[PDB]
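> Can you read through this structure? Questions will come right after.
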Amino acid sequence: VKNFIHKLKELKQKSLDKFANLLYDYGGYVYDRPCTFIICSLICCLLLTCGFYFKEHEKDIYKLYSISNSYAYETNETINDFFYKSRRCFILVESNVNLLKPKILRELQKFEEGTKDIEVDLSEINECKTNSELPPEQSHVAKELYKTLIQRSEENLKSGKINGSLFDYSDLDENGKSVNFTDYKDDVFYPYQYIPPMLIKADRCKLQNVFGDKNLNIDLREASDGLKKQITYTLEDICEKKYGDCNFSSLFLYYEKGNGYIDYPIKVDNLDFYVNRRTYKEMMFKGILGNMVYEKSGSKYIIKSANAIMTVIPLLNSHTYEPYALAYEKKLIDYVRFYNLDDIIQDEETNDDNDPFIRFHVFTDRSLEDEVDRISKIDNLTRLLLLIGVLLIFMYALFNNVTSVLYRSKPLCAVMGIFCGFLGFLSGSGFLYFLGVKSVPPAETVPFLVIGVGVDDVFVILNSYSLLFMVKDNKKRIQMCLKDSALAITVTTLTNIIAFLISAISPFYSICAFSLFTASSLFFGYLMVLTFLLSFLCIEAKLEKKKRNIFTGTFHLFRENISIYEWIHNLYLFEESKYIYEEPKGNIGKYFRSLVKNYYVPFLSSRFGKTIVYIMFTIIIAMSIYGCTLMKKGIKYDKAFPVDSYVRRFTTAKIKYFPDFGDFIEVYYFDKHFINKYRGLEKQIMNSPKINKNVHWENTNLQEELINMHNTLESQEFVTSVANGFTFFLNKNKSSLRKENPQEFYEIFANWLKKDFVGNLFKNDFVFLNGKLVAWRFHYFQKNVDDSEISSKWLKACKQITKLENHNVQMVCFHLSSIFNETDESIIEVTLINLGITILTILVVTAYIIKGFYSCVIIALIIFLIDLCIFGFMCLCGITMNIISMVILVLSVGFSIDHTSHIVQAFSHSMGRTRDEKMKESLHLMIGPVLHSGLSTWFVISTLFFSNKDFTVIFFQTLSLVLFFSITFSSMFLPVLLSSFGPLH
Ligand SMILES: CC(C)CCC[C@@H](C)[C@H]1CC[C@H]2[C@@H]3CC=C4C[C@@H](O)CC[C@]4(C)[C@H]3CC[C@]12C
Ligand SMILES: *[C@@H]1O[C@H](CO)[C@@H](O)[C@H](O)[C@H]1NC(C)=O
Ligand SMILES: *[C@@H]1O[C@H](CO)[C@@H](O)[C@H](O)[C@H]1NC(C)=O
């Protein structure tokens, strides 16, 4: 075993060496034929760039920023498959004046009516393109049933008789039972006007299906564009209709039918649920108007001021009407966003002591996805930010690669060093595009980072070259240089790539892509450095030999071997006691080094210095610990969208003027049997099999639990208001419900829904199959709150309230934010797992390149300590541990390992007798590269700080912390730690 270990250590070294020797020779080849390498590398890069032609973006927010658990998603599916939801467009008008003033009001009125005026031509409908693929045929049985149901629906509706006598109310079997079609046949749904949405799949291409009055019977997919242009539909055609009239929620409902008059003040009996008597249509003034100012007279309030008026337009959500709806919404959003009434408000007084203003915000279902498209493209701002960053790093590079002796200085390399990285980004991206990898919104930051990381290798190479001033034959110098820095530049990259790849495994596609693209970019960039940049180094080197400055060479063109460690050691020894030990004036890094040797190192060596260092880092870690205590997770999905987004702006306004009406949480109940049955025709709660298998809704106690639940949820502070029809029904006619007869229950509830005014309002929240309430629902408003954590807290509580365990009844609380927030729960662990894998993998790699084992252990300690610091301080800075932040933390390992490793490897390879000696040598030889690498990266990413997109700024903040601690520890703590307890001999 000992012999085996010996042989192994022999292999590692031997191999590590061989690799170096190989690069040593490769350099020679490039040195002799620099042009060939540059031209070929560039052309090859271009080809990859061509790949961009196939660049396909990804715009499904859910895939981009959600686990896609297939659970909450499944919930949406179930909800949509059986319950008819309704597309709702929200239009809010905000101002600093009393929009209630008659003159303004009248204008606002036309604004509203304008919506109805909006008209969409058929040609606009993209879905029903003049040439498309007909949707897959709906299962035959499904078709049959749809035919049957639609037929009986009419029949029943005509009859109007609600009779449950025939319905068998026997408890269903485990199979839900108590010839597929026959089974699905003979099913009476109530309300009769309901047919399971899933079964509703008729080709919407035939206009006859969607809009009947048209009487056209014209297939849009088979119609001329001009012909389609001819036909035009309006909101009324695709709007939910109350009492045969679009069910808007505008204030103007009050004035309808002369119930009230714009010119006169608004006086209503109840601000909560006033009803226009003439129209018999109800309205919630509190919901419609914001910042209301009302008086009280004869029990009738006198609304006399409001600086916000919101109108909700309800549009059908049926599959058939889906394509058409989207079209109208698009027209609507444009219309509202550009509508302006500044003229009327010009002289009207303000309450904000600011210029009279009026703004029309609008939010439709298509809004979110549309905004995703906007975030998909590369904002000009981002572009600009990149440019600034590139300039910064360009300046920094040059400012460090230029000197008094121009021919000695190597500006060319620096310049191309930057490009090298960029070209890498393009080439890599193109390669991935070729592979089909879709781009993501977070990819905007990829260029920024890639460039920064790449330029770092440039510094390293140059450092080796410069420190090899002794060498006379340039070819040899370049060769030796590359040989010296080969392992370093290779490992550094390898580590980075590895980390990103490991991260790519993330479920969230955004992270996956961002990482994948970055990793590929880094890879190709490295290749470019070994080719392009190296070739440029060769050219400049050759010029230096001739002492020909770049410009000089241009006009003109138009017309031994010693370990650097050995040398540096000898230098110090010699110092302790010539040309070899005197860097030529203008060596690329001559100054900085001198500064480090004559100032920084002395300080570090100083006991007082050390004292300071240790204490400083001490407190740093301490602060980090407290930071961890203040750890908060989660970020609102909307944050993704730029703040400027009208969506974001809309939400803000709503919150400001309508705080109570925040999240419209919706709770649903879905009999497992019913769901399963119909789900079948179209070939967590599931925890317990009998969770919702069979519920006797006639059980008075159960009924009582229901009303109690309503009361409980109402009590909850976060809940602002609830609308549970069942409660209304139970309270309305509990006496009749006293007798617990299943059939009786069905009939009573059915009639209640059919007749009672309130009941009619809740007609679409209850569905009965064969006399049994297979599914139902109720909704409640949850006050708006920013913290994702507290939000989830509230929702989770709601779930508890909605779980009649005694009667085996568990209802599902649903909200859009649910899926996104759901991810927050597991973010804490997944990160640990990923980080762990990364750390390990990276450590293993370093171990194979770090000579001493003890040095490896030192590195690990440093890495972990940094990570604690970067995490602790992110929490301390308030950076929530969101997806964006976490990935950066996990990825941080790569950056940190690089800087730490360089110093460590040097200290080990030092020939210094005393530990301190080694430290000084290591620092004098690698401190420059380390500093340059980190700083360069930060400079490029600095501009991201001014990015509108929230996720971007988080990226900047987190990475800035990473880089900071990395460089800090690598340049300060690590040195002193090694100087005190470092591997010796
Ligand atoms: C005795 C009665 C008249 C008092 C007032 C009852 C009101 C507050 C009840 C009865 C009908 C209920 C409405 C029924 C339908 C809907 C549409 C749904 O998408 C949101 C909730 C909402 C808007 C309900 C809100 C609360 C509601 C308006
Ligand atoms: C329901 O139908 C059955 C069978 O036709 C009949 O006997 C009973 O009287 C009906 N009850 C009603 C009309 O509610
Ligand atoms: C019923 O369920 C599905 C859909 O028709 C099918 O796979 C199965 O064979 C059917 N069986 C019968 C009895 O029709």
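The way I read the labels, and the way they are meant: chains A, B, ... in the order of the structure tokens, residue 1 as the first residue of every chain, and ligand 1 as the first ligand shown, with later ones counted on from there.
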Could you pull the residues within 8 Å of residue 316 (chain A), counting only C-alpha atoms, minus those fewer than 4 positions along the same chain, as a PDB file with C-alpha atoms, in the first residue's frame?

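Once everything was written out, this is part_37.pdb:
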ATOM      1  CA  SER A  86     -62.597  34.138 -16.448  1.00  0.00           C
ATOM      2  CA  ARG A  87     -60.020  36.312 -18.157  1.00  0.00           C
ATOM      3  CA  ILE A 238     -66.242  38.061 -26.271  1.00  0.00           C
ATOM      4  CA  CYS A 239     -67.253  39.459 -22.891  1.00  0.00           C
ATOM      5  CA  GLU A 240     -68.972  37.807 -19.956  1.00  0.00           C
ATOM      6  CA  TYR A 321     -62.627  32.095 -27.187  1.00  0.00           C
ATOM      7  CA  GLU A 322     -59.042  32.028 -25.970  1.00  0.00           C
ATOM      8  CA  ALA A 325     -59.677  37.136 -26.342  1.00  0.00           C
TER       9      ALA A 325
END
> Taking only C-alpha atoms and all ligand atoms and a cut-off of 9 Å, can you tell me which residues surround ligand 1, written as a list in words?
residues 85, 86, 272, 273, 274, 275, 282, 283, 284, 664, 721, 722, 723, 724, 725, 728, 757, 758, 759, 760, 761, 762, 763, 764, 765, 778, 779 and 780 of chain A
> Keeping N, CA, C and O atoms for every residue in the selection just given, could you write it to a file as an mmCIF file, in the first residue's frame?

data_model
loop_
_atom_site.group_PDB
_atom_site.id
_atom_site.type_symbol
_atom_site.label_atom_id
_atom_site.label_comp_id
_atom_site.auth_asym_id
_atom_site.auth_seq_id
_atom_site.Cartn_x
_atom_site.Cartn_y
_atom_site.Cartn_z
ATOM 1 N N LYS A 85 -62.744 29.430 -15.381
ATOM 2 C CA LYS A 85 -62.206 30.691 -14.898
ATOM 3 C C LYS A 85 -62.547 31.787 -15.897
ATOM 4 O O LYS A 85 -63.093 31.505 -16.961
ATOM 5 N N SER A 86 -62.242 33.035 -15.563
ATOM 6 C CA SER A 86 -62.597 34.138 -16.448
ATOM 7 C C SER A 86 -61.465 35.125 -16.639
ATOM 8 O O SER A 86 -60.970 35.701 -15.674
ATOM 9 N N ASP A 272 -70.194 49.177 0.279
ATOM 10 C CA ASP A 272 -69.720 47.818 0.035
ATOM 11 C C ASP A 272 -70.426 47.136 -1.124
ATOM 12 O O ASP A 272 -69.778 46.699 -2.068
ATOM 13 N N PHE A 273 -71.747 47.034 -1.062
ATOM 14 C CA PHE A 273 -72.465 46.309 -2.103
ATOM 15 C C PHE A 273 -73.683 47.065 -2.600
ATOM 16 O O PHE A 273 -74.798 46.554 -2.550
ATOM 17 N N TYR A 274 -73.477 48.281 -3.086
ATOM 18 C CA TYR A 274 -74.585 49.047 -3.634
ATOM 19 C C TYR A 274 -75.097 48.369 -4.883
ATOM 20 O O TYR A 274 -74.339 47.717 -5.597
ATOM 21 N N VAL A 275 -76.385 48.519 -5.154
ATOM 22 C CA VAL A 275 -76.950 47.936 -6.363
ATOM 23 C C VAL A 275 -77.756 48.960 -7.138
ATOM 24 O O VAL A 275 -78.662 49.587 -6.595
ATOM 25 N N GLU A 282 -75.385 44.789 -9.283
ATOM 26 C CA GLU A 282 -74.685 45.181 -8.067
ATOM 27 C C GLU A 282 -73.322 45.786 -8.358
ATOM 28 O O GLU A 282 -72.797 45.638 -9.459
ATOM 29 N N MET A 283 -72.747 46.461 -7.372
ATOM 30 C CA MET A 283 -71.433 47.064 -7.549
ATOM 31 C C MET A 283 -70.770 47.325 -6.206
ATOM 32 O O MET A 283 -71.443 47.655 -5.232
ATOM 33 N N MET A 284 -69.452 47.172 -6.149
ATOM 34 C CA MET A 284 -68.727 47.398 -4.906
ATOM 35 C C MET A 284 -67.912 48.670 -5.011
ATOM 36 O O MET A 284 -66.772 48.641 -5.467
ATOM 37 N N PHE A 664 -55.877 37.784 -4.668
ATOM 38 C CA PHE A 664 -57.199 37.188 -4.729
ATOM 39 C C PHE A 664 -57.093 35.680 -4.613
ATOM 40 O O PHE A 664 -57.238 34.964 -5.599
ATOM 41 N N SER A 721 -61.307 40.050 2.940
ATOM 42 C CA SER A 721 -62.708 39.759 2.657
ATOM 43 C C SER A 721 -62.863 38.399 2.013
ATOM 44 O O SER A 721 -61.973 37.944 1.300
ATOM 45 N N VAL A 722 -63.995 37.749 2.253
ATOM 46 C CA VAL A 722 -64.232 36.435 1.673
ATOM 47 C C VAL A 722 -65.562 36.422 0.947
ATOM 48 O O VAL A 722 -66.433 37.243 1.225
ATOM 49 N N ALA A 723 -65.724 35.497 0.010
ATOM 50 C CA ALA A 723 -66.962 35.410 -0.748
ATOM 51 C C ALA A 723 -67.365 33.962 -0.913
ATOM 52 O O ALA A 723 -67.371 33.438 -2.022
ATOM 53 N N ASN A 724 -67.703 33.308 0.189
ATOM 54 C CA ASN A 724 -68.064 31.902 0.137
ATOM 55 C C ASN A 724 -69.559 31.746 0.000
ATOM 56 O O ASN A 724 -70.291 31.876 0.974
ATOM 57 N N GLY A 725 -70.021 31.450 -1.206
ATOM 58 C CA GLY A 725 -71.440 31.259 -1.428
ATOM 59 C C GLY A 725 -72.031 30.220 -0.504
ATOM 60 O O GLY A 725 -73.083 30.440 0.092
ATOM 61 N N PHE A 728 -73.234 31.585 2.517
ATOM 62 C CA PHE A 728 -74.467 32.311 2.291
ATOM 63 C C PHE A 728 -75.607 31.322 2.256
ATOM 64 O O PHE A 728 -76.599 31.487 2.956
ATOM 65 N N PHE A 757 -80.968 35.998 -5.293
ATOM 66 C CA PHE A 757 -80.102 36.959 -5.952
ATOM 67 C C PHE A 757 -78.658 36.638 -5.628
ATOM 68 O O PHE A 757 -77.828 36.500 -6.525
ATOM 69 N N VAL A 758 -78.350 36.539 -4.343
ATOM 70 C CA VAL A 758 -76.998 36.211 -3.941
ATOM 71 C C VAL A 758 -76.628 34.874 -4.539
ATOM 72 O O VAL A 758 -75.513 34.684 -5.025
ATOM 73 N N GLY A 759 -77.570 33.942 -4.519
ATOM 74 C CA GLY A 759 -77.299 32.624 -5.051
ATOM 75 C C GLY A 759 -76.905 32.711 -6.504
ATOM 76 O O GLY A 759 -75.926 32.100 -6.926
ATOM 77 N N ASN A 760 -77.651 33.487 -7.274
ATOM 78 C CA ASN A 760 -77.368 33.601 -8.691
ATOM 79 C C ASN A 760 -75.955 34.107 -8.875
ATOM 80 O O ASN A 760 -75.242 33.664 -9.768
ATOM 81 N N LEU A 761 -75.536 35.016 -8.006
ATOM 82 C CA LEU A 761 -74.194 35.572 -8.103
ATOM 83 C C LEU A 761 -73.133 34.493 -7.941
ATOM 84 O O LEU A 761 -72.037 34.614 -8.483
ATOM 85 N N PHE A 762 -73.450 33.439 -7.199
ATOM 86 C CA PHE A 762 -72.481 32.376 -6.958
ATOM 87 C C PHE A 762 -72.756 31.163 -7.826
ATOM 88 O O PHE A 762 -72.289 30.068 -7.527
ATOM 89 N N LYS A 763 -73.503 31.347 -8.905
ATOM 90 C CA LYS A 763 -73.885 30.215 -9.747
ATOM 91 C C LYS A 763 -72.716 29.459 -10.349
ATOM 92 O O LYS A 763 -72.852 28.287 -10.690
ATOM 93 N N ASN A 764 -71.571 30.108 -10.493
ATOM 94 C CA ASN A 764 -70.447 29.456 -11.158
ATOM 95 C C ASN A 764 -69.378 28.994 -10.182
ATOM 96 O O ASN A 764 -68.231 28.783 -10.568
ATOM 97 N N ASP A 765 -69.751 28.813 -8.925
ATOM 98 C CA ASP A 765 -68.790 28.368 -7.931
ATOM 99 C C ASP A 765 -69.140 26.993 -7.400
ATOM 100 O O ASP A 765 -68.453 26.471 -6.529
ATOM 101 N N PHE A 778 -64.547 28.880 -3.434
ATOM 102 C CA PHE A 778 -64.848 30.156 -2.805
ATOM 103 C C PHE A 778 -63.589 30.989 -2.871
ATOM 104 O O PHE A 778 -62.495 30.447 -2.991
ATOM 105 N N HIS A 779 -63.724 32.304 -2.802
ATOM 106 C CA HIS A 779 -62.558 33.160 -2.949
ATOM 107 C C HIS A 779 -62.408 34.126 -1.793
ATOM 108 O O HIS A 779 -63.388 34.463 -1.132
ATOM 109 N N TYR A 780 -61.186 34.576 -1.540
ATOM 110 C CA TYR A 780 -60.967 35.562 -0.490
ATOM 111 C C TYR A 780 -59.769 36.430 -0.813
ATOM 112 O O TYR A 780 -58.803 35.965 -1.416
#
> Name the residues in contact with region 338-340 of chain A at a cut-off of 8 Å, using only C-alpha atoms, excluding same-chain residues fewer than 4 positions from it; report them as a count of residues only.
5
> So which residues are near ligand 3, meaning at most 8 Å away with only C-alpha atoms and all ligand atoms counted, given back as a ChimeraX atom specification?
/A:141,179-181,680-683
> List every residue of region 754-972 of chain A that DSSP, applied to the backbone of this structure, assigns to helix (DSSP H, G or I), and report them as an NGL selection string.
:A and (754-755 or 757-761 or 788-801 or 805-807 or 817-849 or 853-876 or 883-909 or 915-946 or 950-972)
> What residues have any atom no more than 9 Å from ligand 2 when counting only C-alpha atoms and all ligand atoms, and can you list them as a list in words?
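Residues lying within 9 Å of ligand 2: residues 161, 162, 163, 164, 165, 166 and 747 of chain A.
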> Do you know which residues are at most 7 Å from region 910-923 of chain A counting only C-alpha atoms, after dropping those on the same chain fewer than 2 positions away, and could you put them as an NGL selection string?
:A and (565-566 or 568-569 or 601 or 605 or 903 or 906-908 or 925-927 or 975 or 979 or 982 or 984)
> From the list A:861, A:118, A:665, A:443, which residue is nearest residue 331 (chain A) when using only C-alpha atoms?
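Of A:861, A:118, A:665, A:443, the one nearest residue 331 (chain A) is A:118, counting only C-alpha atoms.
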> Do you know which residues are at most 9 Å from residue 281 (chain A) counting only C-alpha atoms, after dropping those on the same chain fewer than 4 positions away, and could you put them as a PyMOL selection string?
chain A and resi 242-243+247+253-254+274-277
> By how many Å are CA of residue 613 (chain A) and CA of residue 590 (chain A) apart?
26.0 Å
> Residue 849 (chain A): which residues within 12 Å, counting only C-alpha atoms, same-chain residues fewer than 5 positions away excluded, as a ChimeraX atom specification?
/A:9,11-17,19-20,486-492,494-495,842-844,855-856,898,901-902,904-906,908-909
> Have a look at A:478, A:429, A:879, A:699 and name the one nearest to residue 28 (chain A); count only C-alpha atoms.
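Checking each of A:478, A:429, A:879, A:699 against residue 28 (chain A), counting only C-alpha atoms, the winner is A:478.
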> Figure out the distance between CA of residue 952 (chain A) and CA of residue 642 (chain A), please, to one decimal in Å.
9.8 Å
> Of the candidates A:49, A:299, A:629, A:618, which shows the shortest atom-to-atom distance to residue 427 (chain A), using only C-alpha atoms?
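Of A:49, A:299, A:629, A:618, the one nearest residue 427 (chain A) is A:49, counting only C-alpha atoms.
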> When distances are computed from only C-alpha atoms, which of A:483, A:374, A:88, A:690 shows the smallest separation from residue 672 (chain A)?
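Selected residue with least distance to residue 672 (chain A): A:690.
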> List as a PyMOL selection string the protein and nucleic acid residues near region 953-966 of chain A, meaning an atom at most 7 Å away when only C-alpha atoms are counted, but skip any in the same chain fewer than 5 places from it.
chain A and resi 866+870+874+884-885+888+892+896+899+934+938+941-942+944-945+947
> Looking at A:205, A:865, A:312, A:967, which one is nearest to residue 364 (chain A), with distances taken over only C-alpha atoms?
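With only C-alpha atoms as the atom set, the closest residue is A:312.
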